[PDB]
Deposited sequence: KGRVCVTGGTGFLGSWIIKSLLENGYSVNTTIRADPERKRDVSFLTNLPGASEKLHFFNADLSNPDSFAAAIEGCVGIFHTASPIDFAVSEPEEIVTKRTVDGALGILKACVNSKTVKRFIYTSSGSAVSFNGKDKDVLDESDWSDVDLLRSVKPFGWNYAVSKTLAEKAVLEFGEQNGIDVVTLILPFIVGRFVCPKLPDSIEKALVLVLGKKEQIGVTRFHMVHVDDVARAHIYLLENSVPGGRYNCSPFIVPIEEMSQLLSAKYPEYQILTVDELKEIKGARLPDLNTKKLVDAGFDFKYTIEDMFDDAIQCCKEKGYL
């Protein structure tokens, strides 16, 4: 169905997207972050004939020339981590600049984050694509995770602006906690946090209401937006909003083998109640989510058990 260039190939999301692309008939070009061993990628079905690796540096557009040559799509899932701002903007724009005047790329999809919309200074429990985090507020108030939030906010804004000024069909996906099975060598942070009730202790509880999405639905959304000419722009991809209390009820019933804090034990639990990132825009565009909240937790749990994290 064509060749797609995926950055951050060895990362949790990037590697899953490569797996998905290969399963769906696409060929894949990928750039990765140095740490050695990409066996978990080269062993993926179809990789020995359709997966190709390329050296590149996020800040040098020309270093991406070969990697995007002949590609129908570019999925930019990688990030670098006045000087910090430069590294952030340069890393987000590097491969996008390389895409200028491409004779084949039909869609450039940038991976964003809920951190780019959740720190807006207002107490709104439901957000949409018009909402943005306040960088000035983040830098002055400095809430937990402000550095990452500033990075994501500035990067997404730069991508949208550059795309508009250079006629590139850009789509950005605002992603919440991404959870599911994984093929990468380390336990993804988002999964470790999402499984706090079965993997961690009460002392590790921070977030008490999670916006979430199944990793395979994220891969499916990328392919959908690449194949369907719906409007470019921002799209929340966050079908679930899960209070930790509901999380407890679900996990306690489905996994009685684990010692899980009960709703009663969670009473008056203090923490961050994240906003629901309304995903109506993406659904209105025709995309259909395939997985349920139960599927998401089960895939993550079974994968963790298989790999020794549970």
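Numbering from 1, run down the deposited sequence and write out every stretch that has no C-alpha in the structure.
Residues lacking C-alpha coordinates: 36-39, 86-93.
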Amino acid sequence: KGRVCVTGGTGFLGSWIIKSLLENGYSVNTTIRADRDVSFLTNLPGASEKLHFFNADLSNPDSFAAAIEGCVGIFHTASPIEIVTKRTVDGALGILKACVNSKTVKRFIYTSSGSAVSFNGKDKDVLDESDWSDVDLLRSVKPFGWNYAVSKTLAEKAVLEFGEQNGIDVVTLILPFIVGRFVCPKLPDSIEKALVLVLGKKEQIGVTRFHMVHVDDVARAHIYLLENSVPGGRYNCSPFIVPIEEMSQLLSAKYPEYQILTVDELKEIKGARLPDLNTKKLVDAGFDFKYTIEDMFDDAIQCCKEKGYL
From here on, numbers count along this sequence of modelled residues.
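Stretch with the higher entry mean CA B-factor, where the candidates are 273-281 and 44-52
Result of the comparison: 44-52.
Between the two ranges 285-293 and 19-27, the one averaging a larger CA B factor in the entry
The entry gives the higher C-alpha B-factor average to 19-27.
Go through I241, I32, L261, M247 one by one and give the residue whose Cα B-factor in the PDB entry is largest.
Highest C-alpha B-factor among the listed residues goes to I32.
Please work out which residue in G180, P231, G114, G91 has the highest C-alpha B-factor recorded for this crystal structure.
Most elevated C-alpha B-factor of the set, per the entry: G91.
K86 CA temperature factor, ranked by third within the chain:
Highest third.
Chain third (lowest, middle, highest) by recorded CA B-factor, residue given as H211:
For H211, the deposited C-alpha B-factor lands in the lowest third.
Relative to the other modelled residues of the same chain, rank the CA B-factor of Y235 and answer lowest, middle or highest third.
Tercile = lowest for this residue's CA B-factor.
Looking at the C-alpha B-factor of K122, is it in the lowest, middle or highest third of its chain?
It belongs to the highest third of the chain when residues are ordered by C-alpha B-factor.
Looking at the temperature factor on the CA atom of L195, which third of the chain's modelled residues does it land in?
Middle third.
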